[PDB]
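Participant: Here you go, this is data_7.cif (mmCIF, C-alpha atoms).
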data_coords
loop_
_atom_site.label_atom_id
_atom_site.label_comp_id
_atom_site.auth_asym_id
_atom_site.auth_seq_id
_atom_site.Cartn_x
_atom_site.Cartn_y
_atom_site.Cartn_z
CA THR A 1 30.54 250.90 115.52
CA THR A 2 28.65 247.90 116.85
CA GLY A 3 25.70 246.28 115.14
CA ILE A 4 25.06 243.67 112.48
CA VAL A 5 28.04 243.16 110.16
CA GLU A 6 27.38 242.53 106.47
CA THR A 7 29.75 240.61 104.19
CA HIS A 8 29.61 239.95 100.44
CA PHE A 9 31.52 237.56 98.22
CA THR A 10 31.07 235.98 94.79
CA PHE A 11 31.88 232.30 94.25
CA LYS A 12 30.94 230.35 91.11
CA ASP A 13 28.57 233.10 89.94
CA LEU A 14 26.67 233.25 93.25
CA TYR A 15 26.57 236.37 95.45
CA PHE A 16 26.73 235.21 99.07
CA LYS A 17 25.69 237.70 101.75
CA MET A 18 26.37 236.93 105.42
CA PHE A 19 25.14 238.72 108.54
CA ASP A 20 27.16 238.59 111.77
CA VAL A 21 25.00 239.37 114.81
CA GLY A 22 27.47 238.60 117.59
CA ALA A 23 27.58 242.29 118.52
CA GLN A 24 23.92 242.13 119.62
CA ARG A 25 24.12 241.96 123.42
CA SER A 26 20.39 241.93 124.15
CA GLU A 27 17.28 239.74 124.06
CA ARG A 28 17.30 237.65 120.89
CA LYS A 29 13.55 236.94 121.06
CA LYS A 30 12.85 240.37 119.54
CA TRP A 31 14.93 240.53 116.34
CA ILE A 32 15.54 236.90 115.34
CA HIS A 33 12.31 236.82 113.32
CA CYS A 34 13.96 239.31 110.95
CA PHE A 35 16.16 236.49 109.60
CA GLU A 36 13.18 234.19 109.02
CA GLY A 37 13.81 234.10 105.27
CA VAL A 38 17.46 233.03 105.09
CA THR A 39 18.83 230.23 102.94
CA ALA A 40 21.02 228.75 105.68
CA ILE A 41 22.37 229.31 109.18
CA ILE A 42 26.14 228.87 109.48
CA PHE A 43 26.99 227.82 113.04
CA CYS A 44 30.57 227.87 114.33
CA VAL A 45 31.58 225.61 117.22
CA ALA A 46 35.16 225.42 118.48
CA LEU A 47 36.13 221.82 119.23
CA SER A 48 38.98 222.87 121.54
CA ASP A 49 36.47 224.36 124.01
CA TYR A 50 35.63 221.13 125.85
CA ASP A 51 38.62 221.55 128.17
CA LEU A 52 37.93 225.27 128.60
CA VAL A 53 35.34 226.71 130.99
CA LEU A 54 33.40 229.96 130.79
CA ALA A 55 34.59 232.30 133.53
CA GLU A 56 31.08 233.72 134.00
CA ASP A 57 29.86 230.57 135.79
CA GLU A 58 33.19 228.83 136.59
CA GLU A 59 31.33 225.50 136.27
CA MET A 60 30.13 225.91 132.66
CA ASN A 61 32.00 224.32 129.77
CA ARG A 62 31.90 226.50 126.66
CA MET A 63 30.97 223.38 124.70
CA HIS A 64 27.78 223.01 126.75
CA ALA A 65 26.95 226.67 126.09
CA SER A 66 27.57 226.11 122.38
CA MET A 67 25.26 223.10 122.50
CA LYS A 68 22.57 225.17 124.23
CA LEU A 69 22.84 227.99 121.68
CA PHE A 70 22.77 225.55 118.75
CA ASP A 71 19.71 223.78 120.13
CA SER A 72 17.93 227.08 120.81
CA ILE A 73 18.53 228.41 117.31
CA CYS A 74 17.89 225.03 115.65
CA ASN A 75 14.46 224.26 117.12
CA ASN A 76 13.22 227.85 116.97
CA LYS A 77 9.63 228.38 115.85
CA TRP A 78 10.83 230.47 112.89
CA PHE A 79 13.59 228.19 111.54
CA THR A 80 11.34 225.15 111.09
CA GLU A 81 12.44 224.66 107.46
CA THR A 82 15.91 226.27 107.44
CA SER A 83 19.12 224.30 107.05
CA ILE A 84 22.12 224.64 109.36
CA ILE A 85 25.74 224.33 108.24
CA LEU A 86 27.94 223.32 111.18
CA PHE A 87 31.63 224.22 111.34
CA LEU A 88 33.65 222.30 113.94
CA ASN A 89 36.71 224.53 114.27
CA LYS A 90 40.23 224.27 115.69
CA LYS A 91 40.57 220.57 114.93
CA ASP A 92 44.33 220.73 115.53
CA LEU A 93 44.15 222.08 119.10
CA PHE A 94 41.62 219.32 119.70
CA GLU A 95 44.09 216.85 118.19
CA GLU A 96 46.78 217.65 120.76
CA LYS A 97 44.45 218.23 123.71
CA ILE A 98 42.67 214.88 123.26
CA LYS A 99 46.13 213.32 123.51
CA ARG A 100 46.54 215.29 126.73
CA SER A 101 43.03 215.02 128.19
CA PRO A 102 40.11 212.71 127.36
CA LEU A 103 36.75 213.98 126.17
CA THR A 104 35.16 212.61 129.37
CA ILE A 105 35.94 216.01 130.93
CA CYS A 106 33.09 217.51 128.88
CA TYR A 107 30.70 214.58 128.43
CA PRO A 108 30.92 212.28 131.48
CA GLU A 109 29.54 209.26 129.57
CA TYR A 110 31.93 209.32 126.59
CA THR A 111 33.35 205.81 127.14
CA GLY A 112 36.05 205.93 124.48
CA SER A 113 39.75 206.21 123.76
CA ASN A 114 41.82 209.38 123.28
CA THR A 115 42.08 209.21 119.48
CA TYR A 116 41.00 212.15 117.34
CA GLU A 117 38.46 210.31 115.19
CA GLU A 118 36.30 208.79 117.93
CA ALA A 119 35.98 212.06 119.83
CA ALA A 120 35.37 214.07 116.64
CA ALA A 121 32.56 211.75 115.54
CA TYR A 122 31.20 211.78 119.09
CA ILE A 123 30.97 215.58 119.24
CA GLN A 124 29.44 215.64 115.76
CA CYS A 125 26.81 213.10 116.82
CA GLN A 126 26.03 214.90 120.08
CA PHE A 127 25.49 218.09 118.09
CA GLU A 128 23.38 216.56 115.33
CA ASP A 129 21.14 214.55 117.67
CA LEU A 130 19.88 217.87 119.09
CA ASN A 131 17.92 218.33 115.85
CA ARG A 132 14.45 217.32 117.01
CA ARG A 133 12.96 218.25 113.61
CA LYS A 134 14.44 215.47 111.48
CA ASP A 135 12.04 215.99 108.58
CA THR A 136 12.05 219.55 107.21
CA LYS A 137 15.66 220.63 107.81
CA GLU A 138 19.16 219.26 107.37
CA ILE A 139 22.50 219.79 109.10
CA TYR A 140 25.71 219.80 107.06
CA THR A 141 28.85 219.38 109.15
CA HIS A 142 32.48 220.16 108.35
CA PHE A 143 35.80 220.29 110.20
CA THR A 144 37.29 223.40 108.54
CA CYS A 145 40.95 224.31 109.23
CA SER A 146 43.38 223.04 106.50
CA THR A 147 44.24 226.74 105.94
CA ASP A 148 42.54 226.44 102.55
CA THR A 149 39.48 227.53 100.56
CA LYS A 150 37.55 224.25 100.86
CA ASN A 151 35.24 225.97 103.36
CA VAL A 152 33.65 228.24 100.75
CA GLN A 153 33.37 225.22 98.46
CA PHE A 154 31.49 223.30 101.16
CA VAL A 155 29.21 226.29 101.76
CA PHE A 156 28.53 226.59 98.02
CA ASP A 157 27.70 222.91 97.63
CA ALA A 158 25.47 222.88 100.72
CA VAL A 159 23.61 226.00 99.56
CA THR A 160 23.09 224.42 96.13
CA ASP A 161 21.66 221.33 97.83
CA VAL A 162 19.39 223.50 99.99
CA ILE A 163 18.10 225.38 96.94
CA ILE A 164 17.43 222.18 95.00
CA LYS A 165 15.61 220.56 97.91
CA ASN A 166 13.56 223.72 98.44
CA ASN A 167 12.45 223.56 94.81
CA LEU A 168 11.66 219.85 95.22
CA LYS A 169 9.49 220.52 98.28
CA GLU A 170 7.76 223.39 96.47
CA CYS A 171 6.96 220.94 93.67
CA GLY A 172 5.88 218.29 96.19
CA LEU A 173 8.51 215.87 94.86
CA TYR A 174 10.14 215.49 98.27
CA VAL B 1 12.11 216.79 87.21
CA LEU B 2 14.84 217.97 84.82
CA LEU B 3 13.71 221.60 85.04
CA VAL B 4 13.70 221.42 88.84
CA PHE B 5 17.24 220.05 88.97
CA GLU B 6 18.48 222.57 86.39
CA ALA B 7 17.74 225.55 88.65
CA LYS B 8 20.49 226.76 90.99
CA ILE B 9 19.09 230.16 92.02
CA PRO B 10 15.93 231.05 94.01
CA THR B 11 13.64 230.73 91.03
CA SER B 12 11.16 233.37 89.89
CA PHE B 13 10.33 232.87 86.21
CA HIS B 14 11.06 229.16 85.66
CA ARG B 15 8.96 228.47 88.76
CA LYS B 16 5.98 229.34 86.56
CA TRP B 17 7.17 226.49 84.32
CA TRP B 18 6.61 223.66 86.83
CA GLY B 19 3.05 224.24 88.02
CA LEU B 20 0.65 221.30 88.14
CA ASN B 21 -2.03 222.88 85.96
CA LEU B 22 0.61 223.76 83.37
CA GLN B 23 1.71 220.11 83.32
CA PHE B 24 -1.87 219.02 82.70
CA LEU B 25 -2.14 221.68 79.99
CA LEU B 26 0.90 220.27 78.18
CA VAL B 27 -0.57 216.76 78.38
CA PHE B 28 -3.74 218.32 76.95
CA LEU B 29 -1.83 219.82 74.01
CA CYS B 30 -0.36 216.46 73.01
CA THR B 31 -3.56 214.44 73.41
CA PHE B 32 -5.45 217.29 71.74
CA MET B 33 -3.40 217.06 68.56
CA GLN B 34 -4.14 213.34 68.61
CA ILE B 35 -7.90 213.78 69.14
CA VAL B 36 -8.05 216.47 66.44
CA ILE B 37 -6.52 214.03 63.95
CA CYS B 38 -8.90 211.27 65.06
CA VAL B 39 -11.98 213.52 64.83
CA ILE B 40 -11.08 214.75 61.35
CA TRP B 41 -10.56 211.11 60.32
CA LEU B 42 -13.91 209.93 61.67
CA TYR B 43 -15.72 212.93 60.18
CA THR B 44 -14.22 212.90 56.67
CA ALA B 45 -13.77 209.20 55.74
CA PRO B 46 -15.04 206.95 58.54
CA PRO B 47 -14.24 203.23 58.57
CA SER B 48 -16.88 200.58 57.95
CA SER B 49 -17.48 196.83 58.17
CA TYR B 50 -17.09 194.72 55.03
CA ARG B 51 -18.12 191.15 54.13
CA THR C 1 -9.72 265.63 83.57
CA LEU C 2 -6.35 265.77 85.35
CA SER C 3 -4.00 268.61 86.26
CA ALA C 4 -0.46 268.87 84.92
CA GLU C 5 0.88 268.42 88.45
CA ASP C 6 -1.33 265.33 88.64
CA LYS C 7 0.24 263.80 85.54
CA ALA C 8 3.69 264.66 86.88
CA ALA C 9 2.85 262.86 90.13
CA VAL C 10 1.57 259.88 88.15
CA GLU C 11 4.74 259.51 86.08
CA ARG C 12 6.88 260.03 89.18
CA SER C 13 4.99 257.22 90.90
CA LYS C 14 5.48 255.02 87.84
CA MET C 15 9.22 255.72 87.78
CA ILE C 16 9.46 254.95 91.50
CA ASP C 17 7.60 251.66 91.01
CA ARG C 18 9.80 250.71 88.05
CA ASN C 19 12.93 251.34 90.11
CA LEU C 20 11.43 249.25 92.92
CA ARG C 21 10.82 246.41 90.46
CA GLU C 22 14.42 246.58 89.24
CA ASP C 23 15.73 246.58 92.82
CA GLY C 24 13.56 243.61 93.77
CA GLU C 25 14.72 241.67 90.72
CA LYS C 26 18.33 242.45 91.64
CA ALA C 27 17.81 241.47 95.29
CA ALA C 28 16.22 238.18 94.22
CA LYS C 29 19.47 236.77 92.84
CA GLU C 30 21.61 236.57 96.00
CA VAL C 31 21.96 234.08 98.84
CA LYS C 32 21.50 235.30 102.42
CA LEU C 33 23.31 233.30 105.11
CA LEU C 34 23.01 233.93 108.85
CA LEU C 35 26.28 233.50 110.76
CA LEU C 36 26.11 232.48 114.43
CA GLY C 37 28.44 231.23 117.13
CA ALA C 38 30.64 232.90 119.75
CA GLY C 39 33.66 235.17 119.75
CA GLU C 40 36.05 232.30 120.48
CA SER C 41 34.16 229.92 118.18
CA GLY C 42 36.34 230.22 115.10
CA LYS C 43 33.76 232.66 113.76
CA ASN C 44 36.40 235.23 112.80
CA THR C 45 38.64 232.50 111.38
CA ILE C 46 35.79 231.07 109.27
CA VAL C 47 35.01 234.57 108.02
CA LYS C 48 38.70 234.62 107.06
#
Since I need it in another form, could you write the structure as structure tokens?
Facilitator:
Amino acid sequence: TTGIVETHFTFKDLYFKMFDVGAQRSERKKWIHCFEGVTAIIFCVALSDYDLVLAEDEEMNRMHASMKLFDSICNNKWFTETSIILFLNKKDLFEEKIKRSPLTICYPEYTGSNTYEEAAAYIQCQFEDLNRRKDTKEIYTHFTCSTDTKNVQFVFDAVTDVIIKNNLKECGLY
Amino acid sequence: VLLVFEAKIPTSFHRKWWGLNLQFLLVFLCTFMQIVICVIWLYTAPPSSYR
Amino acid sequence: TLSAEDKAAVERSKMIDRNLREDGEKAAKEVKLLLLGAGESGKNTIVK
């Protein structure tokens, strides 16, 4: 059935629990305060979606919608001290499609070449600059893929950093 | 600082071990041993001035 | 002073509270992460 999906896994003696709420097709301003006390918010953004367009509007890049959703959930009144772990996915499809089409299709003021690195850093910067609260929260960004287990390692390290910094703030030492 | 960095779980018990008043209490214990020794010294055999 | 049913209720309440304490202590030790994105956002792949 639909609803929130709950996932458990143990990694280096830590029991990670994750809650997928993509099945919730309703107003998010009525249940998002339930997740007020979460260690981190893992946000997935597909890099290969700059060329694509959402069929609902036919003039709406899915990357712009991802940016809107990320900004909405980042600067929420409840997540004022919660860290966000960004996952820029499908780096390979981006690698070929940037060779085919420039990133100017999505952002009209890109002003750059068609190499993977410039566009990747550009999308990362455009996402991270949407963090208006640059004092009490941090964004950790990855590029995933690699068909490996480095993703859980990155999540573990980022969660450990979040926990340590939370303790430091609670002590006043940060 | 060491106790804060040693934690890697949302802390419940060791959080009681890095409170400000507890830090001042530990400082008090050390300086209190010192002042106890000094008071016993000045009460039992006090120093004097000699010509 | 108290009825036998009253003592039984008291110890039942104490057992319930003790179980609640154990469950809270257990629930304290895990990390809760909120996963967000879109269907075609690599969300399923990152869960993988």
Participant: Enumerate as a list in words the residues belonging to chain B that approach chain C to within 12 Å, with all atoms listed in the file taken into account.
Facilitator: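 Residues passing the distance filter: residues 8, 9, 10, 11, 12 and 13 of chain B.
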Participant: Pick from A:57, A:36, A:27, A:170: nearest to chain C, with all atoms listed in the file counted?
Facilitator: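 Once distances to chain C are computed over all atoms listed in the file, the minimum belongs to A:36.
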Participant: Name the residues captured by the PyMOL selection byres ((chain A) within 8 of (chain B)) when it is applied to the shown file; answer as a ChimeraX atom specification.
Facilitator: /A:160,163-164,167-168,171
Participant: If we count only C-alpha atoms, which residues of chain A reach to within 8 Å of chain C? Please list them as number ranges by chain.
Facilitator: A: 14-22, 35, 38-46, 66, 69, 89-90, 144, 151
Participant: Determine the nearest neighbour of residue A:84 from the options A:52, A:34, A:162, A:105, counting all atoms listed in the file.
Facilitator: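 Closest candidate: A:162.
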Participant: Suppose you want the space between atom CA of residue A:3 and atom CA of residue A:24; what is it in Å?
Facilitator: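 Atom-to-atom, atom CA of residue A:3 and atom CA of residue A:24 are spaced 6.4 Å apart.
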Participant: Report, in Å to a single decimal, how far apart atom CA of residue B:45 and atom CA of residue B:28 are.
Facilitator: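 These two atoms are separated by 25.2 Å.
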Participant: Could you please determine the separation between atom CA of residue B:3 and atom CA of residue A:79 in Å, to one decimal place?
Facilitator: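 Atom CA of residue A:79 lies at a distance of 27.3 Å from atom CA of residue B:3.
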Participant: What residues come out when you apply the PyMOL selection byres ((chain A and resi 48) around 7) to this file, written as a ChimeraX atom specification?
Facilitator: /A:46-47,49-51,90,93-94
Participant: Excluding residue A:71 and residues on its chain fewer than 2 positions from it, collect all residues at most 12 Å away from it, counting only C-alpha atoms, and give them as a PDB file with C-alpha atoms, in the coordinates of the input.
Facilitator:
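So the final result, stored in part-v6.pdb, reads:
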ATOM      1  CA  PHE A  43      26.990 227.820 113.040  1.00  0.00           C
ATOM      2  CA  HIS A  64      27.780 223.010 126.750  1.00  0.00           C
ATOM      3  CA  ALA A  65      26.950 226.670 126.090  1.00  0.00           C
ATOM      4  CA  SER A  66      27.570 226.110 122.380  1.00  0.00           C
ATOM      5  CA  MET A  67      25.260 223.100 122.500  1.00  0.00           C
ATOM      6  CA  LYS A  68      22.570 225.170 124.230  1.00  0.00           C
ATOM      7  CA  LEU A  69      22.840 227.990 121.680  1.00  0.00           C
ATOM      8  CA  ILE A  73      18.530 228.410 117.310  1.00  0.00           C
ATOM      9  CA  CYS A  74      17.890 225.030 115.650  1.00  0.00           C
ATOM     10  CA  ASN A  75      14.460 224.260 117.120  1.00  0.00           C
ATOM     11  CA  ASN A  76      13.220 227.850 116.970  1.00  0.00           C
ATOM     12  CA  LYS A  77       9.630 228.380 115.850  1.00  0.00           C
ATOM     13  CA  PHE A  79      13.590 228.190 111.540  1.00  0.00           C
ATOM     14  CA  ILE A  84      22.120 224.640 109.360  1.00  0.00           C
ATOM     15  CA  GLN A 126      26.030 214.900 120.080  1.00  0.00           C
ATOM     16  CA  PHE A 127      25.490 218.090 118.090  1.00  0.00           C
ATOM     17  CA  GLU A 128      23.380 216.560 115.330  1.00  0.00           C
ATOM     18  CA  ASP A 129      21.140 214.550 117.670  1.00  0.00           C
ATOM     19  CA  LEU A 130      19.880 217.870 119.090  1.00  0.00           C
ATOM     20  CA  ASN A 131      17.920 218.330 115.850  1.00  0.00           C
ATOM     21  CA  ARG A 132      14.450 217.320 117.010  1.00  0.00           C
ATOM     22  CA  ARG A 133      12.960 218.250 113.610  1.00  0.00           C
TER      23      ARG A 133
ATOM     24  CA  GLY C  37      28.440 231.230 117.130  1.00  0.00           C
TER      25      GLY C  37
END
Participant: Please reconstruct the missing atoms of stretch 103-118 of chain A (target: N, CA and C atoms) and return them as a PDB file, keeping the file's coordinate frame.
Facilitator:
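What follows is the written file rebuild33.pdb:
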ATOM      1  N   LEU A 103      37.993 213.245 126.351  1.00  0.00           N
ATOM      2  CA  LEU A 103      36.750 213.980 126.170  1.00  0.00           C
ATOM      3  C   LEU A 103      35.774 213.784 127.321  1.00  0.00           C
ATOM      4  N   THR A 104      36.061 212.860 128.242  1.00  0.00           N
ATOM      5  CA  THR A 104      35.160 212.610 129.370  1.00  0.00           C
ATOM      6  C   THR A 104      35.013 213.857 130.240  1.00  0.00           C
ATOM      7  N   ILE A 105      35.970 214.778 130.159  1.00  0.00           N
ATOM      8  CA  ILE A 105      35.940 216.010 130.930  1.00  0.00           C
ATOM      9  C   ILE A 105      34.685 216.810 130.586  1.00  0.00           C
ATOM     10  N   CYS A 106      34.283 216.778 129.314  1.00  0.00           N
ATOM     11  CA  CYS A 106      33.090 217.510 128.880  1.00  0.00           C
ATOM     12  C   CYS A 106      31.845 216.642 129.002  1.00  0.00           C
ATOM     13  N   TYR A 107      31.823 215.505 128.316  1.00  0.00           N
ATOM     14  CA  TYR A 107      30.700 214.580 128.430  1.00  0.00           C
ATOM     15  C   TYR A 107      31.081 213.427 129.345  1.00  0.00           C
ATOM     16  N   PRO A 108      30.471 213.305 130.525  1.00  0.00           N
ATOM     17  CA  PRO A 108      30.920 212.280 131.480  1.00  0.00           C
ATOM     18  C   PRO A 108      30.707 210.847 131.015  1.00  0.00           C
ATOM     19  N   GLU A 109      29.851 210.608 130.020  1.00  0.00           N
ATOM     20  CA  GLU A 109      29.540 209.260 129.570  1.00  0.00           C
ATOM     21  C   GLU A 109      30.164 208.936 128.207  1.00  0.00           C
ATOM     22  N   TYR A 110      31.328 209.512 127.902  1.00  0.00           N
ATOM     23  CA  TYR A 110      31.930 209.320 126.590  1.00  0.00           C
ATOM     24  C   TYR A 110      32.257 207.856 126.321  1.00  0.00           C
ATOM     25  N   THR A 111      32.981 207.219 127.241  1.00  0.00           N
ATOM     26  CA  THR A 111      33.350 205.810 127.140  1.00  0.00           C
ATOM     27  C   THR A 111      34.076 205.522 125.822  1.00  0.00           C
ATOM     28  N   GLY A 112      35.260 206.115 125.691  1.00  0.00           N
ATOM     29  CA  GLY A 112      36.050 205.930 124.480  1.00  0.00           C
ATOM     30  C   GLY A 112      37.511 206.213 124.733  1.00  0.00           C
ATOM     31  N   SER A 113      38.307 205.994 123.686  1.00  0.00           N
ATOM     32  CA  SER A 113      39.750 206.210 123.760  1.00  0.00           C
ATOM     33  C   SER A 113      40.083 207.686 123.594  1.00  0.00           C
ATOM     34  N   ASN A 114      41.363 207.999 123.406  1.00  0.00           N
ATOM     35  CA  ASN A 114      41.820 209.380 123.280  1.00  0.00           C
ATOM     36  C   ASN A 114      42.219 209.726 121.848  1.00  0.00           C
ATOM     37  N   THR A 115      41.754 208.951 120.873  1.00  0.00           N
ATOM     38  CA  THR A 115      42.080 209.210 119.480  1.00  0.00           C
ATOM     39  C   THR A 115      41.192 210.321 118.928  1.00  0.00           C
ATOM     40  N   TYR A 116      41.688 210.991 117.889  1.00  0.00           N
ATOM     41  CA  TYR A 116      41.000 212.150 117.340  1.00  0.00           C
ATOM     42  C   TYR A 116      39.660 211.772 116.716  1.00  0.00           C
ATOM     43  N   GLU A 117      39.622 210.646 116.001  1.00  0.00           N
ATOM     44  CA  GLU A 117      38.460 210.310 115.190  1.00  0.00           C
ATOM     45  C   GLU A 117      37.240 209.986 116.047  1.00  0.00           C
ATOM     46  N   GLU A 118      37.425 209.161 117.080  1.00  0.00           N
ATOM     47  CA  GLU A 118      36.300 208.790 117.930  1.00  0.00           C
ATOM     48  C   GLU A 118      35.675 210.010 118.579  1.00  0.00           C
TER      49      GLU A 118
END
